[PDB]
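Notes to accompany the following structure.
Each chain gets a letter, A, B, C, D and E, in the order it is written, and its residues are counted from 1.
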Amino acid sequence: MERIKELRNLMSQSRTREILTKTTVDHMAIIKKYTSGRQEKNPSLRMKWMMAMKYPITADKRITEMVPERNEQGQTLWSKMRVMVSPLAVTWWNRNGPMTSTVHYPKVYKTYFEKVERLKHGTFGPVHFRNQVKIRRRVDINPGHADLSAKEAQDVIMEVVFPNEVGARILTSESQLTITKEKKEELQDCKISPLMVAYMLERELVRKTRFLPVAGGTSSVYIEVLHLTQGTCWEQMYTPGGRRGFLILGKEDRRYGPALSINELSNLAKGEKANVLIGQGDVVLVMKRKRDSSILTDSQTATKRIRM
Amino acid sequence: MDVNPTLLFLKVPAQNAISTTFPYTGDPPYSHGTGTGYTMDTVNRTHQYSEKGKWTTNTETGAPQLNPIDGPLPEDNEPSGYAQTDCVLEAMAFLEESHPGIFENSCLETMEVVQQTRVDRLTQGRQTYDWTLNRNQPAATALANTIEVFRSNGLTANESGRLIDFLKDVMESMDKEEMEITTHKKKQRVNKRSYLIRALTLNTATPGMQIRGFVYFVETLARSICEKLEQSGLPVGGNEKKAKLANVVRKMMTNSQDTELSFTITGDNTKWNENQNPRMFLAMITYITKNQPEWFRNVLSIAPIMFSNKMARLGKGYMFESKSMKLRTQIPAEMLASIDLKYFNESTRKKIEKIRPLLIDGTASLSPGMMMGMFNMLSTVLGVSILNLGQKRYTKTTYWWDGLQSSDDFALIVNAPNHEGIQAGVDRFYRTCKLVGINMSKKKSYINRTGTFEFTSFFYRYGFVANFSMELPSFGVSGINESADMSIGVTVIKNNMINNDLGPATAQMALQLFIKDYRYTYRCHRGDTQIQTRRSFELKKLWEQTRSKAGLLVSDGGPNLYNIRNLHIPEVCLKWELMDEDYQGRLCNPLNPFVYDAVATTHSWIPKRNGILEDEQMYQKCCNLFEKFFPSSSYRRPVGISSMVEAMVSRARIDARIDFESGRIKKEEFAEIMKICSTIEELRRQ
Amino acid sequence: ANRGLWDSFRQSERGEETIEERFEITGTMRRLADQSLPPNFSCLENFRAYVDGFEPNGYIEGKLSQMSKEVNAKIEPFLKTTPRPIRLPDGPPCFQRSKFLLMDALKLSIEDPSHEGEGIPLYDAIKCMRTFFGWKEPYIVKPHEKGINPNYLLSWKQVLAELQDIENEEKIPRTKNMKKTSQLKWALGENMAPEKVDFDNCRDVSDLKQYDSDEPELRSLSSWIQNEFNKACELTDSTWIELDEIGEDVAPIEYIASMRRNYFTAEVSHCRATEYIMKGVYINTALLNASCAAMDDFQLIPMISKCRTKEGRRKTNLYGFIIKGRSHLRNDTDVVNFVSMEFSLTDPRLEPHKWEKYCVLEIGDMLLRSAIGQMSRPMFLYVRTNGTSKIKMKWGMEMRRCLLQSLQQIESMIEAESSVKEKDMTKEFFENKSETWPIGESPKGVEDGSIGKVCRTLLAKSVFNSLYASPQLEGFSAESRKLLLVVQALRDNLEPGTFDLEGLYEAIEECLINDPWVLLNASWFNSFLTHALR
Amino acid sequence: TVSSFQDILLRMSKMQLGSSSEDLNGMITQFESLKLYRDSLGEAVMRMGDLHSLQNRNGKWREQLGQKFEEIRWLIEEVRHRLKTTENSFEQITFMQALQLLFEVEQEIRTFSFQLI
Amino acid sequence: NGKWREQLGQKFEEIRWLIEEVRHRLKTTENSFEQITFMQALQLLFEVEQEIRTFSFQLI
């Protein structure tokens, strides 16, 4: 209701109408960068001045129904002119507040939780003082996942986190990656955040490499402790220890009803046709399949038609 | 006893305690740039160094220009900007001969960069001079204003989202007889010559906005060439530079059939910027791009042409005063060409008298030289060729040399069987460098036997290559919230240990100072402390009700467990296995009213924030309205073929119909939303 | 399109063929290009053809052959008798220009405050003032020789009276705003503001000069800066700094680092330079806060520091007062004026040339409990007008980087030696008591010291570099670094040489105009030169 | 063994005086550290810990808690009834003070028992 | 009793590494003085390693 009424008056103005009508979805990120370039007015001093004031931070309206206005001391915790609250409110919440189970945390932040396990169950050796020469290689800071390239990691993340905004590819192939099923089964009722989960999954599944002047181990485990092993004139020895087939027939038709959503293609039929919104705005007409249409030797069989 | 620390050098070698000479830890609180006084000196001096050139009058701008190329050969040791085309071309040819295939791979690698870059690249960098307001603005504002003015006059070709189309439209703009500038409602008119002058002026030096795009490609090509040479130490930094210094000394000290001498030199070049000439850059670019498509040649040759005829802005002006009436006034430089000279003193009088012929519309003409910075990686390429010319096959004599050379600093090693050979080699290197346009500073250079030298604050003793080219970290609070500052501080310390040469003892004290500052700023002291603030009562209650006191965060009363070995681990994951169950449930509750490797937590809050375009935040509104319909836009770039309004309307209709079918909302507002969508569709029809 | 290739592909169909790219000059740029060539060309195409048809025959050799022999780089050897002492300027002696005086200050302690007492600085200052008896009728003992001294007397009297007159108020204030009086207006310069008009109306006026384009005066070197530096390297009876804790150590390298930093901290904890650091931080922070908060008032700001005694008791100290003018600061260059008042027990009539911007008053007598019996000594006050900055406030608020720099220097010296003798040499630096280092001079010769002494010397040098910043320091540091490297190369038996030795010197003297710290550094360098080659 | 330490240390010192080697100095430092560690370990060897006091009387001490609780509320009820019945003032004040004392002591005992388990 | 258990860890690695280093130095030397010194070394290392292992077993 609010978003549509906010969209309605933007097209009232002539200058914004040209932007909204002449810009394709492919160019949103281009115009997103035209914001500003001057903000650094000594942030440390600003924060020091802002922490002196009472009520320096903001919160939602429903805080007034969960946190009392005053504590046993008799100090005000929030004030009414989003509302304004004080750090004492955060400390009060950490002291008294509702509790919920945290069983989903070790599966969303497991890449961080493996580091502590590696560090605690490790042993140390002696330190040697001498001079050494360091040469450069290609090092991997994120190992990634085996049997998965960078093309399908994004597909997996999109399917798990944003099931309603997949398009074209992933929607016409006839397969289902195994890891997707377990990721969707485990994260059934997690309410942390879509964006945080997406970033954590990207960090877990995607491999990325850089250049470093390493003079010791090459594996990913030895790169994360590179500030502890090497130095200007010393070396420390340390061991770690341890989705059905569909096709596009054309654009939207006015003789086959209104458009649907991707999650509502489940009912469907055995070869009817309906229009749906796929991706970030495209509406196309689709239909179920009747054959295989695979990538077997039939592609190579065309060689019989040539070189007779 | 009278104490002075300089006598510490009678027991400790100089390279071991050379860090005692640098006096500062940051940027000192004074300025030495000066205004209009130094610019006139720079112009006069760079014109003095090339007096014997050829004078011409421009036919498109109307400004005098000086051409010192192919002038008389120098006769003294003073700086002289008289270069020869033949020498530069021969040096480039020999560089190509010594490393076959170095100029083609660079061109092929640069073509794909040219053909795929987008228009967003111009929004990254420092402040940029704005020709629509005659001031300096951030990059984004300058780009937006330029686009607005360009579309106002029928030049709309940047809608393709490609940098090359923007450059084409800039070239088209430079060939019009009239321009119009509307300010929010004045409407000024600028003729052809005035616009041309304003499109060639430089600040006092950040570039304009019609010239950055051409500089970017040249810098890319120069970087591609420099990455393939061992004599260039510019792109690398850190241990790579240390290896580079080690390798040359190893190479030149093979001591096979040891009957030969070796000497090294630490040198600097005098008047580097105001002795280069854009014409030699054009010649180098032309030679580099042989056997290539013509459009690539044009694109890479545009920029030196613009530099070869450029204007220099003077500044703000002068300030005057009277000793009787207690009066003060400011004299702008725009009226400096006609004021009488009785007011100024002697130095300013002679400066103004000498500068008057080169003055047009408050700007001076400066053809022969490079203003400040810019084209560093091309000057480095020019310098490396002279070092390459020191092989045996080119000297055709007994001596030979090699070394490594940065933008302005160089080191050279010479080998010869006797002293006379070393002297002859040094003389030949000096003369060859002076033949191309490079002058060596005699008063800031010295020579000694191989074993000790210096190169850009990298001191090399017999085997130890300690460096002092970078400053210490900030160890202060960043200023986002109480969950993002800890990660930033520890990450900064770790990165400075890894890349620079921060020691282990210094890191611990830096951490201590950071913790002190953090605790003072966020008013979070330990529970067992006698300091009284407004936040103390809650902290003491939480401390008293807690069993395991080692699992509390520093943000609320806890102690710190950080040391060298665990700077790469987030704090919550570090303390997870030592905190109570109720504390975990309260802290990591995804339904808080409040909400670089940090977890979400309840401590991640936000504080309170306090012409040309009618409104300057018009793109941001349209951007932020898009994610409310498509939440995945904040994670990756969208892909589609339609406009924004089509997607918004379609998604709104679908969501409204599904909500009505599910019965979440009644029928009253369904018709209202449908009619609003129909109205939007109708207004779109215009 | 997901990769960034759709735009070029779509802009490549010209009907029924495919074209990669298009780019032409075609116009004004053509004429601009035709005028950016060497003088023997007219068109760009001819130049391009000439570049394309190029082959190197003999050009460089011939050009070198036809070049005069006066262009050369001849080496002159650097021997033991080559270097000469640097020349120092002559003239009237130099004077003090620091923000707060260092060696000649005393404190009025409130001694111990209640451990739970955290209050406003104004009441701390008042309580410190109450514990003193012995005020007298003030009078002037050293005039300012520029300005009006009765204004200074009246300002001191007004400050004292306004501090006493708090009790005539129904409610207790948090800050004190001074009355805008004639003497305070004169002191803060509120009525020497020139007025700004356009040049057109004042075109025909006379007696108009450009600006203060005057050659700086030349001054010589006195003997008080060395005395200040000597006093700054001594130990006190307080602590002045207490740092936080970190986690327990496991790896051996952590043990080594902990031992290094613990030795350094124990050696430099009680130094006087730490007191200077704390004083600067407190004063600058308070003055910046007052400037940002009160913008149109004459506010009174006390000078306060805190420390811990030997027995373990907290103490608060008072140094003086500062009166602030009007602070309307839009950018970081605008200047706010103020006047400062400081206590002392040093008689100004022993070294009158040191105090040239000060007016000194005599305000009371002080009872000394030292030794057997009681004796009374006079107490003085130092008054001066000054105005600093907004940037230099931030510069003064960061002075622990001096501690960081000193620790880094010591660690670098240890690490350089640990690489030649491939072992750990941190124990041979601190625990060993038979090691001595040359850090002094005397008519007898060169003296020696311990490791704590060199630590405190480096810390004092860093602090004084922070307190006396100027471009002359930068220039002198660079040139002296070059000369020191050349001298070391000579001492290492590497037969060095130079191309132009007179120019290096000439730079050194032309960077030696007026500042006393720079002149002391030059004297130190001369004294080093007279010993390193003899 | 100690004699071997000083003899071998002197031998390596003499050997290193005539030639410098990285490994030689490394083993010198490591041997010094090892000798110091052996000395400290032997110093801890002839002393051990105090296991004699670690096995003191603890068995029944864990079970008289229930026995004391048996007679806590019994005596508290006896004192309550006797305070209700009596008619002097001496006895009244004595019984009131006794009631206060038992309340405090039983709370102390319960807190101590809860903390220790 | 927790700190000693973690120095015990680092002492074993030191002993092992020094064992291989001294064995290599013995293999690479050609002076009778050095071999006598290295015989004495190896004997001392074996004895001290056995004693440290015994004491570590006793501590648990």
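Here, a contact is a pair of C-beta atoms (placed from the backbone, for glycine too) under 8 Å apart; a residue touches a chain by one contact, two chains touch by 3 or more.
Trainee: Weigh C-D against B-C on C-beta contact pairs and write down the one with more.
Mentor: Between the two chain pairs, B-C has more contacting C-beta pairs.
Trainee: Find the geometric centre of each of chain D and chain E from their Cα atoms only, then give the gap between the two centres in Å, rounded to an integer.
Mentor: 36
Trainee: Whole-Å distance, chain A centre to chain B centre, using C-alpha means?
Mentor: For chain A versus chain B, the centre distance works out to 31 Å.
Trainee: In whole angstrom, how far does the Cα centroid of chain C sit from the Cα centroid of chain E?
Mentor: 55
Trainee: From the C-alpha centre of chain A to that of chain E, how far is it in Å?
Mentor: 53
Trainee: Which parts of chain B, given as residue numbers and ranges, touch two or more other chains?
Mentor: Within chain B, the residues that touch at least two other chains are 118, 161, 463-464, 466, 503-504, 564-566, 639.
Trainee: Pull out every residue in chain D that's touching 2 or more other chains.
Mentor: Only 22, 26, 30 qualify.
Trainee: Could you list the positions in chain A whose residues touch two or more of the other chains?
Mentor: Correct list: 26, 124, 126, 130-131, 228, 231-233.
Trainee: Tell me, which pairs of chains are in touch?
Mentor: Applying the touch criterion to every chain pair yields A-B, A-C, A-D, A-E, B-C, C-D, D-E.
Trainee: Which residues, counting only chain A, touch chain E once they are in their complex?
Mentor: 123-126, 237
Trainee: Under the definition above, what is the set of chain E residues touching chain D in their complex?
Mentor: Touch list, chain E to chain D: 7, 11, 14-15, 18, 21-22, 25, 33-34, 37, 40-41, 43-44, 47-48, 52, 55.
Trainee: Report the residues of chain A in contact with chain B in the complex, numbered from low to high.
Mentor: Counting only chain A, the residues touching chain B are 1, 3-8, 10-12, 15-17, 19-38, 43-44, 46-48, 50-51, 56-60, 62-63, 66, 71, 73, 75, 84-85, 87-88, 90-102, 105, 109, 112-113, 115-116, 119, 131, 133-136, 154, 158, 161-162, 165, 167, 191-196, 198-199, 213, 224-228, 231-233, 258-261, 277, 279-283.
Trainee: Please give the residue numbers of chain E that touch chain A in the complex, ascending.
Mentor: My answer: residues 9-10, 13-14, 17.
Trainee: Could you pull out which chain C residues touch chain A in their complex?
Mentor: These residues of chain C touch chain A: 1, 6, 250-253, 256, 292, 394, 415, 418-419, 422-424.
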